[PDB]
Amino acid sequence: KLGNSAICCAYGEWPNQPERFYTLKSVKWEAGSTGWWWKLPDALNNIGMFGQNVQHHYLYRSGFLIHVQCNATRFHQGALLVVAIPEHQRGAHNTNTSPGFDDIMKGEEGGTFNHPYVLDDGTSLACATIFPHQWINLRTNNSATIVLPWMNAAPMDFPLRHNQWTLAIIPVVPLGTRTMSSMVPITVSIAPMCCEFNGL
Amino acid sequence: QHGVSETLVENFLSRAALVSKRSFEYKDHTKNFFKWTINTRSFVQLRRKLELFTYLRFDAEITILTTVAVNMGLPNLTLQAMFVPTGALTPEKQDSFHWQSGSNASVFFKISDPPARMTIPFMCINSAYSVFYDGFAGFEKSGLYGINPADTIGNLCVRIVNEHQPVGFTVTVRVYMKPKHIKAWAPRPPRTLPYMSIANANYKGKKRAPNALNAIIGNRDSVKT
Amino acid sequence: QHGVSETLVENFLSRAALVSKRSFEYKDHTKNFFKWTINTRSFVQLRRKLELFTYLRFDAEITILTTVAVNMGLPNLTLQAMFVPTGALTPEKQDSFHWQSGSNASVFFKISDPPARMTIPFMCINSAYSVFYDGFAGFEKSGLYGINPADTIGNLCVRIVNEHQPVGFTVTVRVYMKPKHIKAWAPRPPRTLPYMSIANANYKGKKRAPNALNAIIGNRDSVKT
Amino acid sequence: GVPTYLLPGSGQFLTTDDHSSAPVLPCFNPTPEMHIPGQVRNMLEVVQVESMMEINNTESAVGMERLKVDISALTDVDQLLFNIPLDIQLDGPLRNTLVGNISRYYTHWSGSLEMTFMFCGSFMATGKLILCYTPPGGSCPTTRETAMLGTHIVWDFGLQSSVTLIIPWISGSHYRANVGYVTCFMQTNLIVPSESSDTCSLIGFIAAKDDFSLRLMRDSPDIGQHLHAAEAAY
Amino acid sequence: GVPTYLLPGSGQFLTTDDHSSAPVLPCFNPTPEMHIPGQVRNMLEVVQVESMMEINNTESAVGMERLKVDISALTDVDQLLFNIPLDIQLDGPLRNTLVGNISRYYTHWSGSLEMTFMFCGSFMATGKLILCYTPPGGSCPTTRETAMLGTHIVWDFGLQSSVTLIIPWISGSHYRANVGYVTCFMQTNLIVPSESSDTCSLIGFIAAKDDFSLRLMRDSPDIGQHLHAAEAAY
Amino acid sequence: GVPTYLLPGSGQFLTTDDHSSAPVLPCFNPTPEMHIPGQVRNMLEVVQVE
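Here's what the structure looks like:
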């Protein structure tokens, strides 16, 4: 419970100034889903107190606390890989041109994995557990929580030009039930940690 | 190297590799000089190893190996390898004024000598190089994706100091770069698909498995085989 | 260099720069030798840095870099670089008696060797060199303005020791001078206008801004733009 | 001065030598080391993170269908589901893992592997599997009755959802017929209720353990060569 | 004697090397060091001395008219007088300063700047200015009402004659849109008596502060190339 | 052995250098120093004679 809004550490790091969850729109998970991604802080630059701090200051320095919750019955099955990818330089498929500004900076709506098997950058989803990650096996649990530190070589950074973390939610085992028409909502809540801003 | 593990990131990465190999012709008529922007994206064997990590901090041990061949006797020539970092001006020509620069570090070496060797320090203004940059360089939307302006090492400009001669000889400049004092952060999945460019991380995959787009491992007949 | 600051006047100035570059021809017919009065006024990049200060005290690390080219095989020649200080006699010719001088410090080096290198000490009779001299040399009114007679380092005379040969080869002598143990006094404004001569501090300015006489900075439209 | 003489091997450039060299820019002070999260000091730290096997290494498994094995209510009572050839050197299910990619940079590996199988059916899906480890050179079993003479465990995936199967110390490139197998048989059928899906999936993982070792480093067979904009640097 | 072998990099002339060398005249004893006033040991000592900005960087300002901004009794009540683009890299008002010339010998600068504005009207000239600092990327204001959301001070130059405006720590070549602005608006009109001149001038200064830093030295873009009597030395 | 590298200025003959060199005849013992009157150690001793 942070702020007024109510509802594991990456690499063993705990980040230590305004001090709440920004619940994004629920995405709807079906059998044909490939995945979802949100780049941070691009998902939060147009929202609320953090958006007023971004659009009026010039440098940002903050960690992130992400709670992904996937609410289903006991007759649903499926596994998600909720993985946070630092510096997720996306590649484009079958072309030599780099992805544009529209292909990367999707805002609050986020994006969809085109080829989640290669994480859309020629790497592998199988080895994607080298990142900070949690699994949502609907048989077992329905939620995931990832702490994200300040991931930068630089001390402070530009929020409108660069996205340090990418939260990815990839269905490894697809959504299943008997009458294959069911949907399961996934709700993402992102709380920034230690919101340091400069250059008012 | 001299550790215990052999899987230390110092041992895994500090290993000299041919990062650049370009011949350039030299004659009495008026490129007649070598110039190369210092990166590691050029060869995919070193590139995939360094792209196992997100952030890298290292010194660069350049070793210029120079051979000469006829197009009697191989002439003993003097070469100038000049490191032009980011922010300084590069020579447009072989006889330009930028070779005379006091502040650009040059090195003057012969073909008869052992190969020239310098150590380029950690040239970034951040605390690590960004192997992967999830952002845009300029403050406009016309900026390129994945190119950190703070990440460029510099340029390595190599010319022949001698005056122009009527003889025909080709000078091949092999550049060997070997990282030193490697610190590495945030390991990444190894790249499975083949590279398409050096400017970005685009992917196409091979036509069939292995390393295809929809099948990274080559198939077997059945799961029970 | 190895300080902490990188703006130390030792670090700011001790940096090897091409102070002199002159080819001279050599043949069997009877200048056939190199001679250069040691100053720093010749190149404006080093000159403007040293003219940031009024008084400078430094040793001079000369590095003679010698290349040879055809007008088969580059001949291995012996050269003599001889430092003639102020007060001693200079060679008028290549085969003169002044090359045999016991007291003028010579150095005998080959083209095959690493480049010759000497350290010229602090040669002034005052406690610092006068970069700017607000006075006249001689005790007459026919003296020149801005030329301290105590300020001259000496001459660097370079010849080829070998006897004259019928072959045609041009010998280019690059001289690299690098100050050492720099002490500097009384900093001055950096020069904005371009130089007109090396003997004095005359000024004309460029035709338009920037660095013009009446406008050093290039203009903008209005002060409120 | 000091009388010296040049040894054989002077003036050579060994690419693996460890000498110092001339700093091209002294008094350039690099940006001091900030604390960045997740520093890797040893590549055996990477090799011990679990990562998905492709235990569906077949045709008609397009993309992410290779990462999971489907079990259904129409599979037989003692049917073989999958087998995992324990080949890090050879292209198999273990190739594109963190233990499989880093080890192909080395020639000799040795250590214990750690397989984890995670069942991804519904909450009320019930059944038993039997995971059998076959040592190198032993017979890969075909029936459930035969696979009792080796190291095997019976996994009721109603009770548990994950199973760790420690593969014992192999010593790797000492064999150079196979280097081992892990097979899985149905014990029971898959029992699901009527609202649940009748097809349920398994995800397999593998990591190295603490006694893992890699030596005699080579270059990886996986990467190899055109590159676009390769002459833009010149 | 001592068995040696030559490393790669022997016989080369690196221009930035720091070795000793042969003294061409030993036992020549140079003139010993007298105490001369004003020794500079560090170029950051020079960079912290204040020097005039050209805050009148326009055409029709011939020579020394570039160093001063005239304010008059006919300027508007909330008119913009001048703005100073905080560019040391780019040619602007800060180019020909002690902080602007020494920093163009270096590539990366970082530190706080210190602007001083001195009013040079008569003794009985009275009025108020408002000096507004705009951080990098922020909007350069056009009206006096808009310029209240940032760091601004209101300067009654009847009371004071000088104002120090500390520019906060920038870190310089991290941006490579502008690196900041300092604007000035009229607050009141200029009030002079009848014997005084109705046009009064401002002089702006800038120095670096103690946290200023310069690294990765290059050669200056300002100087560059004929030289008369250049062949008299030969 | 000892890894070395040659500096700029190797192999040159500076006429004013002060190094030792190979004795062309070792174990030739020169005639030992007798006391001879009027040794000059400094040329400023000569300059002060009227």
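Note that the protein sequences, when read in sequence, are chains C, A, A', B, B' and B''. A prime marks a further copy of an entry chain. Residue numbers 17 to 23, 32 to 40, 55 to 57, 62 to 242, in the deposited numbering, belong to the letters of the first sequence in order. Residue numbers 51 to 80, 88 to 128, 136 to 289, in the deposited numbering, belong to the letters of the second sequence in order. Residue numbers 51 to 80, 88 to 128, 136 to 289, in the deposited numbering, belong to the letters of the third sequence in order. Residue numbers 1 to 176, 187 to 235, 238 to 246, in the deposited numbering, belong to the letters of the fourth sequence in order. Residue numbers 1 to 176, 187 to 235, 238 to 246, in the deposited numbering, belong to the letters of the fifth sequence in order. At position 42 of the sixth sequence (counting the first as 1) the number is 42 in the deposited numbering, and the numbers step up by one without a gap. Each residue gets a CB set at the ideal place from its N, CA and C atoms; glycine is no exception.
Does the distance from the CB of residue i to the CB of residue j come in under 8 Å?
i	j	result
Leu82 of chain C	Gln119 of chain C	no
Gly1 of chain B	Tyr5 of chain B'	no
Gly241 of chain C	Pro141 of chain B'	no
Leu44 of chain B'	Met115 of chain B'	no
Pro85 of chain B'	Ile281 of chain A'	no
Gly172 of chain B'	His108 of chain B'	yes
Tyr64 of chain C	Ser231 of chain C	yes
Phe13 of chain B'	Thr120 of chain A'	yes
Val195 of chain A	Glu56 of chain A	no
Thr219 of chain C	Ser211 of chain B	no
Give the straight-line distance between the Cα atoms of residue i and residue j, rounded to the nearest whole angstrom.
i	j	result
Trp78 of chain C	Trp38 of chain C	26 Å
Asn29 of chain B	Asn96 of chain A	21 Å
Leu257 of chain A'	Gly234 of chain B'	10 Å
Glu145 of chain B'	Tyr100 of chain C	22 Å
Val125 of chain A'	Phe172 of chain A	15 Å
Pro32 of chain B'	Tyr193 of chain A'	13 Å
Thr193 of chain B'	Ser230 of chain B'	28 Å
residue 83 of chain A	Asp220 of chain B	Any structural detail on residue 83 of chain A is unavailable, because chain A resumes at 88 straight after 80.
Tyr133 of chain B	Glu59 of chain B	25 Å
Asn128 of chain A'	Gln229 of chain A	7 Å
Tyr106 of chain B'	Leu226 of chain B'	6 Å
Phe195 of chain B	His130 of chain C	40 Å
Could you please give the first and the last residue of the uninterrupted beta strand (DSSP E) stretch that includes residue i?
i	result
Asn29 of chain B''	From DSSP, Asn29 of chain B'' is part of no beta strand (DSSP E); its letter is neither H nor E.
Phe91 of chain A	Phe91 to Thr94
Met53 of chain B'	Counting along the chain, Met53 of chain B' falls outside any beta strand (DSSP E), and DSSP gives it neither H nor E.
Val171 of chain A	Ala169 to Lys174
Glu114 of chain B'	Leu113 to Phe119
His109 of chain C	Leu101 to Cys112
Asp116 of chain A'	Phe110 to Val127
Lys205 of chain A	No beta strand (DSSP E) contains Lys205 of chain A, which DSSP labels as neither H nor E.
Look up residue i in the DSSP assignment and say whether it is helix, strand or coil.
i	result
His175 of chain C	strand
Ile146 of chain C	helix
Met43 of chain B''	coil
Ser73 of chain A'	strand
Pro243 of chain A	strand
residue 15 of chain C	Here chain C comprises residues numbered 17 to 242, so residue 15 of chain C is not present and cannot be evaluated.
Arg105 of chain A'	helix
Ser194 of chain A	strand
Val96 of chain C	helix
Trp163 of chain A'	helix
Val160 of chain C	helix
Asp215 of chain A'	helix
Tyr105 of chain B'	helix
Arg66 of chain B	helix
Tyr259 of chain A	strand
For the alpha helix (DSSP H) that contains residue i, what are its first and last residues?
i	result
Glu60 of chain A	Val59 to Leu63
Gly100 of chain B	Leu98 to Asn101
Measuring only from the beta carbon, is residue i closer than 7 Å to any heavy atom that is part of the ligand HEM?
i	result
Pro254 of chain A	Within the structure as shown, the ligand HEM is missing, as the structure has no ligands at all.
Given 8 Å as the limit, is there contact between the segment 64-73 of chain A' and the segment 166-186 of chain A, that is, 3 or more CB pairs closer than that? yes
Within the chosen definition, does the segment 181-188 of chain A reach the segment 141-158 of chain A through at least 3 CB pairs nearer than 8 Å? yes
Counting beta carbon pairs with one atom in the segment 18-33 of chain B and one in the segment 267-287 of chain A, are three or more of them shorter than 8 Å? no
With three or more C-beta pairs closer than 8 Å as the rule, is the segment 74-88 of chain B touching the segment 191-204 of chain B? yes
Does the count of Cβ pairs from the segment 219-231 of chain A and the segment 134-154 of chain C closer than 8 Å reach three? no
Touch test, the segment 235-255 of chain A against the segment 33-52 of chain B, Cβ-Cβ under 8 Å, three pairs minimum: yes
Under 8 Å: do the segment 169-189 of chain C and the segment 115-135 of chain C share three or more Cβ pairs, one atom per stretch? yes
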